[PDB]
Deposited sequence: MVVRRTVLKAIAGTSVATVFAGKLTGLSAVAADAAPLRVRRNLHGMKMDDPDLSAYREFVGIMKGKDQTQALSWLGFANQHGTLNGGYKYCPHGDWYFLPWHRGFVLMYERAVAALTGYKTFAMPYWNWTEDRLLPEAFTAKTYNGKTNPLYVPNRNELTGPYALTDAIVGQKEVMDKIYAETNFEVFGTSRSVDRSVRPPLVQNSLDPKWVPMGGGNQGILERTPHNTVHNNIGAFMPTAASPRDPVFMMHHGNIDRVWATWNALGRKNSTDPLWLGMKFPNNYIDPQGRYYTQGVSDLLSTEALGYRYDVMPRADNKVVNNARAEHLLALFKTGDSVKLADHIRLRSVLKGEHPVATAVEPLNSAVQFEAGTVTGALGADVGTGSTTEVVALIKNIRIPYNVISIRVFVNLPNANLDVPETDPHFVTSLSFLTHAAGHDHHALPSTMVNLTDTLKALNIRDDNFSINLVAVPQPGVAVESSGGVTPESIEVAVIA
């Protein structure tokens, strides 16, 4: 059978057969008994629930991409089955090019009846919720993602269990490592992916995010980024712990029976019967073998920089950490581990050489590094590449500062937003 072509939502007529089949599917699924496995809620429950937290969904570890590919495929197969449109292909939302939520999902009605794709009380993606260039920009974000050659950096690193002393890095194929989290989140996860989830509001910031039908457009694009990454020539992890992991009874088939897939089942979109409408050819970017070896040792756990008793980052008082290296010092990364983020804080902004940074400093500032966003049980961690910002600033000597600004939820008084405290901040020079 010819491959199904997952297509960009932009430009689709509202009755486009692909879009129409999905809308029809969400309507069917919402009309079913929501206590059954074969229902809109039953499908979402495999991801997580509003009041129970995450179930099988991985956040903050290297199973992020493969599990969501199987999750999207689970929905895609159900659409074809329940609607009869056998050639259905899940559309995707390219937020890099289209910064607002797609038309088909903001419309309250379709064809006289209420629109199953609609969710009430979403945030309009403007103002503090805008998908700006620092979140989804082609040069600022996407090009950085595609330049990464190491999978654990690109698609988040291996799981770590911090409910034990000392922390236990993943050492088995037990499926408990999938929702474990504890890894270092890459650009893809903690900038465009998490910010879209947080900014949309309603269901998307929660563990029940698939209850918003736009979840599939968002993760269709994430899956496209992974496919695009591979198509450029980038290699997935060759670690047996990643390749061998199974997702036992994580998914539900169109008849309401649980089924199993694994990472190795979900490596090729062509093997699952689909492709994307736009896909580049290989770019022949050489991979540095020394860089990969150093990174691999980092992820099976370099100056540690977090000083002070109870160090904290607020909206007006940034967490400042001074780094000092030997004279003459090429890539520089920062590891921010186990970040306690209160409910009142929506994101963290990273600066260098701006010890007086605050929430009002614009991201066009030359000291701006990146925006970090996480889904608020394991704590989040991330790695931040400072190289580009250091080069842009023409760093003098071998010392600088890292400044973390806690960005409060819109409308929350800064005095009430609390403080962001990471457990450690380590800076390493990757050869």
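Quickly check which stretches of the deposited sequence aren't in the model, judged by C-alpha, and list them in order.
Holes in the chain trace, numbered from 1: 1-34, 336-346, 375-388, 436-442.
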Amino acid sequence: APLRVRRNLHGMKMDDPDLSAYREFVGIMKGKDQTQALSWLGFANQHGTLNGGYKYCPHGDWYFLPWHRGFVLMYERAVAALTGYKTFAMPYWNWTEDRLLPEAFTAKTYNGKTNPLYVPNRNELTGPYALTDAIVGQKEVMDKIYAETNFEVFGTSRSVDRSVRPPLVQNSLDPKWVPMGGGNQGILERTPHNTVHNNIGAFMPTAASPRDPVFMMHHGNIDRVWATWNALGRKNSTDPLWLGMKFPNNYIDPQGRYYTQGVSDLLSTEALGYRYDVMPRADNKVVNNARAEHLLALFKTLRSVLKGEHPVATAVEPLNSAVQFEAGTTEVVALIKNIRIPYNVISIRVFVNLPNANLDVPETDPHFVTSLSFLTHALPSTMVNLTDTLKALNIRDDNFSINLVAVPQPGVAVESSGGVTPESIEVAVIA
From here on, numbers count along this sequence of modelled residues.
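Quick check: 390-398 versus 59-67, which has the larger average CA B-factor in the record?
Of 390-398 and 59-67, the stretch with the higher C-alpha B-factor average is 390-398.
What stretch has the higher average Cα B-factor here, 152-160 or 284-292?
It is 284-292 that shows the higher mean C-alpha B-factor.
Among 117, 231, 101, 327, single out the one with the highest C-alpha B factor in the record, please.
That would be 327.
Sorting 354, 90, 74, 348 by Cα temperature factor from the record, which one lands on top?
The listed residue with the largest C-alpha B-factor is 354.
Considering every modelled residue of the chain and its Cα B-factor in the PDB entry, is residue 128 in the lowest, middle or highest third?
Lowest third.
Just say lowest, middle or highest third for the CA B-factor of residue 309 relative to the other modelled residues in its chain.
Within its chain, residue 309 is a highest-third residue by C-alpha B-factor, going by the deposited values.
Report the third (lowest, middle or highest) to which the CA temperature factor of residue 259 belongs, ranking only the modelled residues of the same chain.
Middle third of the chain for residue 259's C-alpha B-factor.
Using the B-factor values recorded in the entry, state whether the Cα atom of residue 299 falls in the lowest, middle or highest third among the modelled residues of its chain.
For residue 299, whose C-alpha B-factor we compare with every modelled residue in the chain, the answer is the highest third.
Within this chain's modelled residues, let me know which third the CA B factor of residue 340 belongs to: lowest, middle or highest.
For residue 340, the deposited C-alpha B-factor lands in the highest third.
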